[PDB]
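Presented below, as structure tokens, is a lone chain in the form solved without the named molecule.
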């Protein structure tokens, strides 16, 4: 069969010991789209290909998580999460499991990932351009979800030339930091008999992340916050973790700010209250148009401050206000001290002194332990 095509194929109940492709860690300067844990896989290890978009014009949003975990090979296969919120705030979501996960780099350097099931004749696939100028997904799950999603990288710096370390145990790469996004799906009822049209609204921004660890989520974090947003000329992507309880580690971040497509703050440091680009990320608890997550964390937003290194480095400050709920999923038994994962339509305002540009973003907060 095929010539000059590098393939990693995972199939529930088949062994990966004879796979020819070698494992890798972080490749500097790269999108790191290809699987890291190839011919073996630490029992705890997992990998994520992440895609989202949100309409500034109507606050519709789509969030896709494509994963490949070790547990999967043994039982259950490989999870794809699809979450949608319409302009009118009605939501739709599925966790889909596929027995097969295949990622290929073809002779042209296009990377294709397909999560598929021969039994039900169903699949979800992603495709990334060699220069990461574009990516797209095709959803083909009869009776559940059909259609597609397109991401086009916006002009400017890629940020792929920055460090992707997120503490000692995770890498968080952003193959597409800043994209305009389009999506058209048929999302089916729980009984597969009816389908609703979802069209991602206009002036939509998003992007693609690529994330992996050899350790389980709880072993690397007790809490996380995700933000991706375009705010006038600004674009930012933030991931901030608090380490597992009884870790002596500092909080970690892989946080980036852009202005007119130029990278202006490369924050690998979270601080409270300058030798490095850093981030200050603080919770707020204060309009009528506020929501909180459905668990113990009742924050109504965050303040984001990026601080450029050095004497007379600039500062940019943004208010984030949780406005709409994309999801609430539990990470504990229910109760007053319950924890979970909440996705948000975030409303943003800010910039440097005297700027209050406005935009919207996808936000996500997760608490464990």
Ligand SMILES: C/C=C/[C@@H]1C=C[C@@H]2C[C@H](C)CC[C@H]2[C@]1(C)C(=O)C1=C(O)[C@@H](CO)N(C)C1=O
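Positions refer to the first chain, counted from 1.
As for the form solved in complex with the named molecule, it is not shown, yet the points below apply to it.
Proximity to the named molecule in the entry with it bound, defined as a heavy atom within 4.5 Å, singles out one entry of 270, 154, 266, 170, which is 170.
Proximity to the named molecule in the entry with it bound, taken as a non-hydrogen atom within 4.5 angstroms, holds for one residue of 217, 198, 188, 258, which is 217. Taking non-hydrogen atoms only, residue 104 never approaches the named molecule to within 4.5 angstroms in the entry with it bound. The closest heavy atom approach of residue 300 to the named molecule in the entry with it bound falls outside 4.5 Å. A residue is said to contact a partner when one of its heavy atoms sits within 4.5 Å of a partner heavy atom; residue 83 meets this definition for the named molecule in the entry with it bound. The named molecule is not shown here, and in the entry with it bound it never comes within 4.5 Å of any heavy atom of residue 70. Residues 46, 50 and 221 are all found to lie within 4.5 Å of the named molecule in the entry with it bound, as judged by heavy atom distances. Segments offered: 75-83, 228-236, 122-130, 109-117. Contacting the named molecule in the entry with it bound at heavy atom distances within 4.5 Å is 75-83.
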